[PDB]
Each structure stands twice: as structure tokens, then as C-alpha cells.
């Protein structure tokens, strides 16, 4: 039960009656307090048991360190960990894992790695949490090659990686343009029965899109849909941006229609790529319809949107409409630039 207040009341009573509490009494209470996040009181009882000649054990220390770890009190958890080792108390996997997770989360990777080396030397065997924690930590720091080396090591030790491990690595590799390796980890992940998620697919599609390998990006987009994975605003913007750069305007407009059909909300980036694409193609009636639609949908145009339409309208001799959008642009607080002015001056001077 979570009846801690009564447990504490009974503890006060036994001490008044002259009954001496033992390691069991203290461990239960400290464990109860640690689980309730009442760590100042858990630490008072730990000090009290020590003064009373009661000797703490692995459970006492692990409960306190777990509790202080969950409270963001990392420096105090590391101090108790040094203390437990001085008293000859042997730390276990839980102790090492809670500390490495805390250190990892704080970006204290040199110390997280020293504790990981130490647990191996003391015969403590790391598990999926130990490795995942370190991989995530190293990943966030840009320390990708070190993360990859621990991934190789974890597999040699028969520790099975999960979605988190793979997704952290694929993300880091895709960001660095190391696509062939990202794709290799993706193939391995599926082969081992690990199920990719929206994060796995979006990273690879972003990566492939930014490298202009769009047929592959589209193949993976089709695959995620067949696998029951749901594309989001990022998946769609990446593909639209990618196909837009490739001059594949009609396919980018078809995905834009698809995304709205699936209730995915397009942003300023989606609308802009399309408006520029259409503008560049002289498809001004359609660029203007999308411009009207983004306003009805709450999407606020910026200087690129206005410039594209002005440059577009200008090139088509549609000068009075270009001038009207120029006025609107200034009414809406968007600041014109060299391009906006030079486009209008050309058309007017012509």
C-alpha cells in the first residue's frame, strides 16, 4: 500500500516504546519515501540509521540514488555512489544505469563513459538501457562515430538494439549526409524484426530529399504508408521541397492535394515552394489561387511569397496586379527588398 504517513507514525511509536529499528525498518521507509519523491525525509532517515549504528546495504543506496536520480539531484546521487563504494557496498546494474542515464541526460558524456568502463571492470553487465542511454547521449553531442562503436559493441555482447537505438543512429547519419550507412542500418533494423516508426522514415526521406534522391524518397514514402506508418507535415514538406527543386512541379502539387485529403496541415514552406514553382513556370492563375488559399487557412505570407508573385506577375506583363500586391505586402508589414523593387521598376520602365 502507499500508506506512508501511517508507516512513519508507527516508526515514531516503536522508537518512543524503546523498540530499536533495524536495516529492514529503514529500507522499507526510505524505499517508500524515495518512491513518493520525499527525498529530504528519505535522506534524514538514512543519516539517522547511520547515527544509530544501523548499516545501510545495496537496497538503501540504490533506492536513494534512484530517487535522487528521478528528482534531477544528480550531484548528490554521485556523492552517495562514491560513499557506498567506500563502505564496501557493491553497486549493481540499476545503480550504474540510473547514474549513466542522469549523466547522459545532462550531456556529461565523459563521466557517463567512465562509469560505463568502471561497471565492466567490476563485473557488472550493461544492458539495453545502458547502451541506449549512452548512444542517445553521444548522438545529441554530435559524437556519432563513438555512438556507432558502442552499437557494434552492444551487438557483440548479444544485447539486442531497439527502435530508439536505430532511430538515434539513423538520425545522426542522415544529418551528416552519411545516407548509405543510414540506409544500411534501416535494412538491418527490419531484418532483425525492429519496426521503424514516423521518426525513422522522416529522417531517411529528409536525408534522401536533401541529396536529391527522390525516387528512393518516394519509394520509402510509399513503404511507410503500406506499413501503417502515418506521414506528418515534415514528411510532406520534405518531399514537396525535394520534387520542387527537381522541377517535378505536378507531382509536388499532387502530394499537396494528398496531404490536405489526409488532414495534414501545410505551412508557409509548403505554400512558398509551390508558389515559386508555379511562378517560375508562368502558372500565375494557380500561384494566385494558392496564395488566396494560404490566407484563408491562416498561413501568413512572407517576403519570398510576395517576391515570387511580383517577379512572376511582372515577367507576364501583369504590372497593375504586381503593384497591388506590392501595396498589400507593405500594408501587412512585410518589408520589400532589392528584387521586389527592381522587378517593379523593370516592368514600369519597359
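Numbering follows the first chain given and starts at 1.
Undergrad: Comparing 97-105 with 158-166, which has the greater mean CA B-factor as deposited?
TA: Per the PDB entry, the higher value belongs to 158-166.
Undergrad: Averaging CA B factors per stretch from the PDB record, which one is higher: 247-255 or 210-218?
TA: Averaging CA B-factors over each stretch, the winner is 210-218.
Undergrad: Highest Cα B-factor in the PDB entry belongs to which of 126, 228, 172, 277?
TA: Highest CA B-factor of the listed options: 228.
Undergrad: Could you say which of 77, 141, 150, 224 has its CA atom at the highest B factor, as listed in the PDB entry?
TA: Within the set 77, 141, 150, 224, 141 shows the top C-alpha B-factor.
Undergrad: What third of its chain's C-alpha B-factors does residue 331 belong to: lowest, middle or highest?
TA: Answer is highest: the recorded C-alpha B-factor places it there.
Undergrad: Which third of the chain does residue 23 land in by C-alpha B-factor: lowest, middle or highest?
TA: It belongs to the middle third of the chain when residues are ordered by C-alpha B-factor.
Undergrad: Relative to the other modelled residues of the same chain, rank the CA B-factor of residue 48 and answer lowest, middle or highest third.
TA: Its C-alpha B-factor, which the entry lists for residue 48, ranks in the lowest third among residues of this chain.
Undergrad: According to the PDB entry, is the CA B factor of residue 57 in the bottom, middle or top third of its chain, that is, lowest, middle or highest?
TA: Middle third of the chain for residue 57's C-alpha B-factor.
Undergrad: Relative to the other modelled residues in the chain, which third contains the C-alpha temperature factor of residue 146: lowest, middle or highest?
TA: It belongs to the middle third of the chain when residues are ordered by C-alpha B-factor.
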